[PDB]
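Visitor: For reference, the file model-v6.pdb (PDB, C-alpha atoms and all ligand atoms) is included below:
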ATOM      1  CA  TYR A   1     -37.792   0.286  31.436  1.00  0.00           C
ATOM      2  CA  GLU A   2     -41.468   0.268  30.459  1.00  0.00           C
ATOM      3  CA  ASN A   3     -40.510   0.230  26.756  1.00  0.00           C
ATOM      4  CA  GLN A   4     -37.255  -1.757  26.762  1.00  0.00           C
ATOM      5  CA  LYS A   5     -38.265  -4.457  24.258  1.00  0.00           C
ATOM      6  CA  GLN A   6     -39.170  -1.933  21.543  1.00  0.00           C
ATOM      7  CA  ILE A   7     -35.874  -0.067  21.995  1.00  0.00           C
ATOM      8  CA  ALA A   8     -33.854  -3.292  21.798  1.00  0.00           C
ATOM      9  CA  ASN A   9     -35.683  -4.426  18.649  1.00  0.00           C
ATOM     10  CA  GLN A  10     -35.202  -1.163  16.771  1.00  0.00           C
ATOM     11  CA  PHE A  11     -31.539  -1.003  17.836  1.00  0.00           C
ATOM     12  CA  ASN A  12     -30.975  -4.460  16.313  1.00  0.00           C
ATOM     13  CA  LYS A  13     -32.905  -3.499  13.170  1.00  0.00           C
ATOM     14  CA  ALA A  14     -30.806  -0.330  12.762  1.00  0.00           C
ATOM     15  CA  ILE A  15     -27.568  -2.342  12.951  1.00  0.00           C
ATOM     16  CA  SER A  16     -28.982  -4.760  10.351  1.00  0.00           C
ATOM     17  CA  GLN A  17     -29.799  -1.884   7.985  1.00  0.00           C
ATOM     18  CA  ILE A  18     -26.284  -0.432   8.390  1.00  0.00           C
ATOM     19  CA  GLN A  19     -24.817  -3.850   7.551  1.00  0.00           C
ATOM     20  CA  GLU A  20     -26.991  -4.107   4.422  1.00  0.00           C
ATOM     21  CA  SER A  21     -26.046  -0.597   3.259  1.00  0.00           C
ATOM     22  CA  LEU A  22     -22.360  -1.453   3.593  1.00  0.00           C
ATOM     23  CA  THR A  23     -22.929  -4.811   1.873  1.00  0.00           C
ATOM     24  CA  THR A  24     -24.738  -3.718  -1.298  1.00  0.00           C
ATOM     25  CA  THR A  25     -22.977  -0.534  -2.416  1.00  0.00           C
ATOM     26  CA  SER A  26     -21.088   2.257  -0.685  1.00  0.00           C
ATOM     27  CA  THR A  27     -19.888   5.610  -1.892  1.00  0.00           C
ATOM     28  CA  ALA A  28     -20.004   6.577   1.799  1.00  0.00           C
ATOM     29  CA  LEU A  29     -16.367   5.472   2.024  1.00  0.00           C
ATOM     30  CA  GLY A  30     -15.447   7.909  -0.744  1.00  0.00           C
ATOM     31  CA  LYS A  31     -13.422  10.073   1.648  1.00  0.00           C
ATOM     32  CA  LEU A  32     -11.014   7.220   2.364  1.00  0.00           C
ATOM     33  CA  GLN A  33     -10.824   6.486  -1.358  1.00  0.00           C
ATOM     34  CA  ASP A  34     -10.235  10.157  -2.164  1.00  0.00           C
ATOM     35  CA  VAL A  35      -7.180  10.104   0.125  1.00  0.00           C
ATOM     36  CA  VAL A  36      -5.881   7.062  -1.785  1.00  0.00           C
ATOM     37  CA  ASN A  37      -6.193   8.636  -5.241  1.00  0.00           C
ATOM     38  CA  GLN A  38      -4.308  11.928  -4.801  1.00  0.00           C
ATOM     39  CA  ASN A  39      -1.276  10.036  -3.534  1.00  0.00           C
ATOM     40  CA  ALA A  40      -1.232   7.782  -6.603  1.00  0.00           C
ATOM     41  CA  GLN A  41      -1.719  10.764  -8.897  1.00  0.00           C
ATOM     42  CA  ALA A  42       1.181  12.455  -7.100  1.00  0.00           C
ATOM     43  CA  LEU A  43       3.645   9.672  -7.864  1.00  0.00           C
ATOM     44  CA  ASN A  44       2.487   9.046 -11.448  1.00  0.00           C
ATOM     45  CA  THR A  45       3.466  12.609 -12.337  1.00  0.00           C
ATOM     46  CA  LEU A  46       6.825  12.154 -10.593  1.00  0.00           C
ATOM     47  CA  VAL A  47       7.647   9.119 -12.761  1.00  0.00           C
ATOM     48  CA  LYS A  48       6.275  10.894 -15.852  1.00  0.00           C
ATOM     49  CA  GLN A  49       8.686  13.835 -15.525  1.00  0.00           C
TER      50      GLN A  49
ATOM     51  CA  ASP B   1       9.254   1.525 -19.622  1.00  0.00           C
ATOM     52  CA  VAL B   2       7.045   4.492 -18.740  1.00  0.00           C
ATOM     53  CA  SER B   3      10.051   6.417 -17.385  1.00  0.00           C
ATOM     54  CA  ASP B   4      12.113   5.665 -20.536  1.00  0.00           C
ATOM     55  CA  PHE B   5      14.433   3.007 -19.136  1.00  0.00           C
ATOM     56  CA  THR B   6      15.052  -0.186 -21.077  1.00  0.00           C
ATOM     57  CA  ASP B   7      13.824  -3.215 -19.132  1.00  0.00           C
ATOM     58  CA  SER B   8      14.127  -6.005 -21.729  1.00  0.00           C
ATOM     59  CA  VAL B   9      16.834  -6.711 -24.298  1.00  0.00           C
ATOM     60  CA  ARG B  10      17.391  -9.246 -27.074  1.00  0.00           C
ATOM     61  CA  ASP B  11      20.763 -10.977 -27.244  1.00  0.00           C
ATOM     62  CA  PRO B  12      22.539 -10.055 -30.521  1.00  0.00           C
ATOM     63  CA  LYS B  13      24.179 -13.469 -30.789  1.00  0.00           C
ATOM     64  CA  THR B  14      21.741 -16.156 -29.596  1.00  0.00           C
ATOM     65  CA  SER B  15      18.459 -14.159 -29.916  1.00  0.00           C
ATOM     66  CA  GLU B  16      17.469 -14.761 -26.281  1.00  0.00           C
ATOM     67  CA  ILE B  17      15.254 -12.312 -24.395  1.00  0.00           C
ATOM     68  CA  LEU B  18      16.738 -10.984 -21.146  1.00  0.00           C
ATOM     69  CA  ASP B  19      15.098  -8.992 -18.363  1.00  0.00           C
ATOM     70  CA  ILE B  20      17.062  -6.232 -16.627  1.00  0.00           C
ATOM     71  CA  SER B  21      16.620  -5.396 -12.941  1.00  0.00           C
ATOM     72  CA  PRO B  22      18.430  -2.814 -10.795  1.00  0.00           C
ATOM     73  CA  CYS B  23      21.204  -3.666  -8.390  1.00  0.00           C
ATOM     74  CA  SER B  24      20.100  -3.342  -4.778  1.00  0.00           C
ATOM     75  CA  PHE B  25      19.861   0.128  -3.243  1.00  0.00           C
ATOM     76  CA  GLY B  26      18.129   1.710  -0.289  1.00  0.00           C
ATOM     77  CA  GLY B  27      18.417   3.780   2.832  1.00  0.00           C
ATOM     78  CA  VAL B  28      20.452   3.147   5.970  1.00  0.00           C
ATOM     79  CA  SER B  29      19.250   4.111   9.451  1.00  0.00           C
ATOM     80  CA  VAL B  30      21.352   4.096  12.628  1.00  0.00           C
ATOM     81  CA  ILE B  31      19.655   3.240  15.939  1.00  0.00           C
ATOM     82  CA  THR B  32      21.490   4.438  19.028  1.00  0.00           C
ATOM     83  CA  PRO B  33      20.871   4.402  22.803  1.00  0.00           C
ATOM     84  CA  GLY B  34      22.565   7.790  23.160  1.00  0.00           C
ATOM     85  CA  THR B  35      26.209   8.892  23.255  1.00  0.00           C
ATOM     86  CA  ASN B  36      26.051   9.481  27.017  1.00  0.00           C
ATOM     87  CA  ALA B  37      24.618   5.989  27.516  1.00  0.00           C
ATOM     88  CA  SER B  38      26.886   3.923  25.246  1.00  0.00           C
ATOM     89  CA  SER B  39      28.960   3.876  22.065  1.00  0.00           C
ATOM     90  CA  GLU B  40      27.071   1.017  20.399  1.00  0.00           C
ATOM     91  CA  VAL B  41      24.663   1.263  17.467  1.00  0.00           C
ATOM     92  CA  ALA B  42      22.426  -0.998  15.406  1.00  0.00           C
ATOM     93  CA  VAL B  43      21.963  -0.641  11.646  1.00  0.00           C
ATOM     94  CA  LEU B  44      18.726  -0.946   9.668  1.00  0.00           C
ATOM     95  CA  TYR B  45      19.105  -1.576   5.932  1.00  0.00           C
ATOM     96  CA  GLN B  46      15.799  -0.478   4.430  1.00  0.00           C
ATOM     97  CA  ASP B  47      13.856  -2.383   1.756  1.00  0.00           C
ATOM     98  CA  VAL B  48      16.100  -5.421   1.188  1.00  0.00           C
ATOM     99  CA  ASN B  49      16.217  -9.171   1.693  1.00  0.00           C
TER     100      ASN B  49
HETATM  101  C1  LIG C   1      26.937 -15.789 -33.702  1.00  0.00           C
HETATM  102  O1  LIG C   1      28.113 -16.526 -33.321  1.00  0.00           O
HETATM  103  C2  LIG C   1      27.905 -17.447 -32.240  1.00  0.00           C
HETATM  104  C3  LIG C   1      29.246 -18.070 -31.932  1.00  0.00           C
HETATM  105  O2  LIG C   1      30.313 -17.288 -32.452  1.00  0.00           O
HETATM  106  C4  LIG C   1      26.845 -18.476 -32.625  1.00  0.00           C
HETATM  107  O3  LIG C   1      26.589 -19.328 -31.515  1.00  0.00           O
HETATM  108  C5  LIG C   1      25.561 -17.775 -33.046  1.00  0.00           C
HETATM  109  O4  LIG C   1      24.615 -18.729 -33.513  1.00  0.00           O
HETATM  110  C6  LIG C   1      25.846 -16.761 -34.150  1.00  0.00           C
HETATM  111  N1  LIG C   1      24.633 -16.055 -34.524  1.00  0.00           N
HETATM  112  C7  LIG C   1      24.248 -15.888 -35.793  1.00  0.00           C
HETATM  113  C8  LIG C   1      22.969 -15.135 -35.999  1.00  0.00           C
HETATM  114  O5  LIG C   1      24.904 -16.326 -36.732  1.00  0.00           O
HETATM  115  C1  LIG C   2      15.538 -13.998   1.116  1.00  0.00           C
HETATM  116  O1  LIG C   2      16.428 -14.785   0.306  1.00  0.00           O
HETATM  117  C2  LIG C   2      16.700 -16.090   0.841  1.00  0.00           C
HETATM  118  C3  LIG C   2      17.716 -16.733  -0.073  1.00  0.00           C
HETATM  119  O2  LIG C   2      17.473 -16.402  -1.433  1.00  0.00           O
HETATM  120  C4  LIG C   2      15.402 -16.885   0.947  1.00  0.00           C
HETATM  121  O3  LIG C   2      15.676 -18.146   1.543  1.00  0.00           O
HETATM  122  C5  LIG C   2      14.384 -16.121   1.784  1.00  0.00           C
HETATM  123  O4  LIG C   2      13.137 -16.807   1.786  1.00  0.00           O
HETATM  124  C6  LIG C   2      14.189 -14.708   1.237  1.00  0.00           C
HETATM  125  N1  LIG C   2      13.276 -13.956   2.083  1.00  0.00           N
HETATM  126  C7  LIG C   2      12.227 -13.261   1.622  1.00  0.00           C
HETATM  127  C8  LIG C   2      12.016 -13.281   0.135  1.00  0.00           C
HETATM  128  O5  LIG C   2      11.481 -12.643   2.373  1.00  0.00           O
END
Let me see the file written as structure tokens.

Guide:
Amino acid sequence: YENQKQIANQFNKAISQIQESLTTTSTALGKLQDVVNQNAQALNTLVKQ
Amino acid sequence: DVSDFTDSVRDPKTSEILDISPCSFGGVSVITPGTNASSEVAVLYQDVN
């Protein structure tokens, strides 16, 4: 309660930084991309055979 | 094609280029309320207009 304004400001600033890091570039979503790739590699070998 | 099927042909009389597409095929699913409940079903033809 005695420091509520500081906590609110740095909460808002942290959300802004997360938004910027998702905006500019993101390999952080590699795990969802990695799931996508091994499926498409699985079918490309099935058509190849 | 990549799986060694012919997809385009040239007409040996009029020299017109023709594309070849498969005839429709898919799966069939049967939706039932249960034999003890009723003898009716509904049919789902998968992946077709
Ligand atoms: C082949 O014959 C058809 C009719 O018999 C004709 O329309 C066509 O132009 C002919 N093609 C050639 C290459 O002579
Ligand atoms: C299915 O085909 C009919 C007749 O060709 C067409 O009117 C309809 O829009 C089609 N629906 C699709 C492509 O989802």

Visitor: Evaluate the PyMOL selection byres (((chain B and resi 41) around 6) and not hetatm) and record the selected residues as a PyMOL selection string, following the chain and residue labels used in the document.

Guide: chain B and resi 31-32+40+42

Visitor: Leaving out residue 19 of chain B and any residue of its chain fewer than 5 positions from it, which residues lie within 12 Å of it when counting all atoms listed in the file, given as JSON, numbers by chain?

Guide: {"B": [6, 7, 8, 9, 10, 11]}

Visitor: Running the ChimeraX specification (/B :<8) & /A on this model by hand, what would come out? Give it as a PyMOL selection string.

Guide: chain A and resi 47-49

Visitor: Just so the selection is clear, what residues does the PyMOL selection byres (((not hetatm)) within 8 of (chain C and resi 1)) cover here, as a list in words?

Guide: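 Taken on the displayed file, the PyMOL selection byres (((not hetatm)) within 8 of (chain C and resi 1)) yields the residues residues 12, 13, 14 and 15 of chain B.
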
Visitor: Within 12 Å of ligand LIG 2 (chain C) (counting all atoms listed in the file), which residues show up? I'd like them as an NGL selection string.

Guide: :B and (47-49)

Visitor: Could you tell me how far atom CA of residue 44 of chain B lies from atom CA of residue 21 of chain B, in Å and to one decimal?

Guide: 23.1 Å

Visitor: What does the distance from atom CA of residue 33 of chain B to atom CA of residue 45 of chain B come to in Å, to one decimal?

Guide: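 Distance between the two atoms: 18.0 Å.
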
Visitor: Quick one: segment 10-46 of chain B with C-alpha atoms, as a PDB file, in the first residue's frame?

Guide:
ATOM      1  CA  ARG B  10      -0.925 -32.925 -73.990  1.00  0.00           C
ATOM      2  CA  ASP B  11      -3.695 -33.926 -76.383  1.00  0.00           C
ATOM      3  CA  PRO B  12      -2.233 -35.958 -79.294  1.00  0.00           C
ATOM      4  CA  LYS B  13      -4.756 -34.557 -81.760  1.00  0.00           C
ATOM      5  CA  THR B  14      -5.403 -30.875 -80.975  1.00  0.00           C
ATOM      6  CA  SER B  15      -2.247 -30.154 -78.883  1.00  0.00           C
ATOM      7  CA  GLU B  16      -4.239 -28.870 -75.895  1.00  0.00           C
ATOM      8  CA  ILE B  17      -2.874 -29.095 -72.353  1.00  0.00           C
ATOM      9  CA  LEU B  18      -5.129 -30.918 -69.879  1.00  0.00           C
ATOM     10  CA  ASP B  19      -4.897 -31.150 -66.099  1.00  0.00           C
ATOM     11  CA  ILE B  20      -5.770 -34.426 -64.367  1.00  0.00           C
ATOM     12  CA  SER B  21      -7.399 -34.568 -60.930  1.00  0.00           C
ATOM     13  CA  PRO B  22      -8.525 -37.589 -58.893  1.00  0.00           C
ATOM     14  CA  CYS B  23     -12.113 -38.713 -58.624  1.00  0.00           C
ATOM     15  CA  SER B  24     -13.559 -38.035 -55.187  1.00  0.00           C
ATOM     16  CA  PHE B  25     -12.636 -40.361 -52.324  1.00  0.00           C
ATOM     17  CA  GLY B  26     -12.665 -40.220 -48.555  1.00  0.00           C
ATOM     18  CA  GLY B  27     -13.754 -41.792 -45.322  1.00  0.00           C
ATOM     19  CA  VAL B  28     -17.252 -42.545 -44.061  1.00  0.00           C
ATOM     20  CA  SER B  29     -18.236 -42.280 -40.393  1.00  0.00           C
ATOM     21  CA  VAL B  30     -21.488 -43.532 -38.853  1.00  0.00           C
ATOM     22  CA  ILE B  31     -22.984 -41.599 -35.921  1.00  0.00           C
ATOM     23  CA  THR B  32     -25.413 -43.569 -33.785  1.00  0.00           C
ATOM     24  CA  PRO B  33     -27.430 -42.945 -30.595  1.00  0.00           C
ATOM     25  CA  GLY B  34     -26.961 -46.569 -29.533  1.00  0.00           C
ATOM     26  CA  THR B  35     -28.636 -49.830 -30.561  1.00  0.00           C
ATOM     27  CA  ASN B  36     -30.606 -49.978 -27.302  1.00  0.00           C
ATOM     28  CA  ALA B  37     -31.820 -46.413 -27.860  1.00  0.00           C
ATOM     29  CA  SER B  38     -32.783 -46.525 -31.551  1.00  0.00           C
ATOM     30  CA  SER B  39     -32.046 -48.038 -34.954  1.00  0.00           C
ATOM     31  CA  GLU B  40     -31.312 -44.737 -36.711  1.00  0.00           C
ATOM     32  CA  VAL B  41     -27.916 -43.438 -37.822  1.00  0.00           C
ATOM     33  CA  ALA B  42     -26.428 -40.363 -39.461  1.00  0.00           C
ATOM     34  CA  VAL B  43     -23.614 -40.495 -42.020  1.00  0.00           C
ATOM     35  CA  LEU B  44     -20.600 -38.185 -42.275  1.00  0.00           C
ATOM     36  CA  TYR B  45     -18.799 -38.155 -45.629  1.00  0.00           C
ATOM     37  CA  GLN B  46     -15.337 -36.811 -44.851  1.00  0.00           C
TER      38      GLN B  46
END
